[PDB]
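The structure appears right after this line, and notes come after that.
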Amino acid sequence: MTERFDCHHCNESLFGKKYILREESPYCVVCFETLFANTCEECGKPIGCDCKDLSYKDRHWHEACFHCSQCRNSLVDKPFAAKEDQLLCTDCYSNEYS
Ligand SMILES: [Zn+2]
Ligand SMILES: [Zn+2]
Ligand SMILES: [Zn+2]
């Protein structure tokens, strides 16, 4: 115990798990993720790397959150019409966009 083993940021003892030295200082796993994690425009919560972080057009999305508003199909790396707050299939989008 010569050195200190606490998240230099939350100062909470690292919880039963490995840790990252951030700012030359131990940070709890969560810190590293929450700090640089991306926000899921669908959930609004940071997307940790411990999950499928879908990245499309400098934006981020849970591979499960990215879907069509009508077919609820999971559009990923697939063509989609980006609506103001929704995503649709170029088939459904062209159905209303018309
Ligand atoms: Zn922390
Ligand atoms: Zn999400
Ligand atoms: Zn659709």
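If you take every residue apart from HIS9 with its C-beta less than 13 Å away from the C-beta of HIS9, what net charge results, scoring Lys and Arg +1 and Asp and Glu -1?
Result for the local shell: -3.
On a full-extension model of 0.36 nm per residue, what is the gain between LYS52 and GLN86, subtracting their alpha-carbon distance, rounded to one decimal in nm?
Going from the current span to full extension adds 10.2 nm.
At 222 nm, what value in deg cm²/dmol follows for the chain if DSSP H runs of at least 4 each add -39500 (n - 2.57) and the sum is divided by all its residues, to the nearest 500? Provide the component values of the computation, followed by the final result.
Details: 2 runs with 16 residues, N = 98.
When only DSSP H runs of four or more count, the value is -4500 deg cm²/dmol.
Let's test the formula: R0 of 41 Å, r as the Cβ-Cβ distance of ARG72 and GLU12. What FRET efficiency results, to the nearest 0.05?
In this case the efficiency is close to 0.55.
For region 7-70, which chymotrypsin sites (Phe, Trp or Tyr not before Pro) pass both filters: DSSP loop (anything but H, G, I, E, B) and at most 11 other C-beta atoms within 10 Å?
Values: sites: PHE15, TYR19, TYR27, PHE32, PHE36, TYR56, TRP61, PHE66; in loops: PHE15, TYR19, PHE66.
Passing both the DSSP loop test and the Cβ count: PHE15.
Tally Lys and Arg at +1 and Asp and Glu at -1 over the other residues with C-beta under 10 Å from the C-beta of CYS40: what net charge comes out?
Taking every other residue near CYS40 into account, the sum is -1.
Provide the descending list of Cα extents for the chain along its principal axes, expressed in whole angstroms.
Largest first, the chain extends 69, 20, 17 Å along its Cα principal axes.
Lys and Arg at +1, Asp and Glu at -1: add these up for the other residues within a Cβ distance under 12 Å of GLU63 and post the number.
-1
Given points 7 Å out from each Cα along the Cα-Cβ axis, report the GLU63 to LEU35 separation in nanometres with one decimal.
2.7
Because the Cβ atoms are built from the backbone with ideal geometry, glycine has one as well, and the counts that use them run over all protein chains shown. Throughout, read-outs are computed from the coordinates displayed, never taken from laboratory work.
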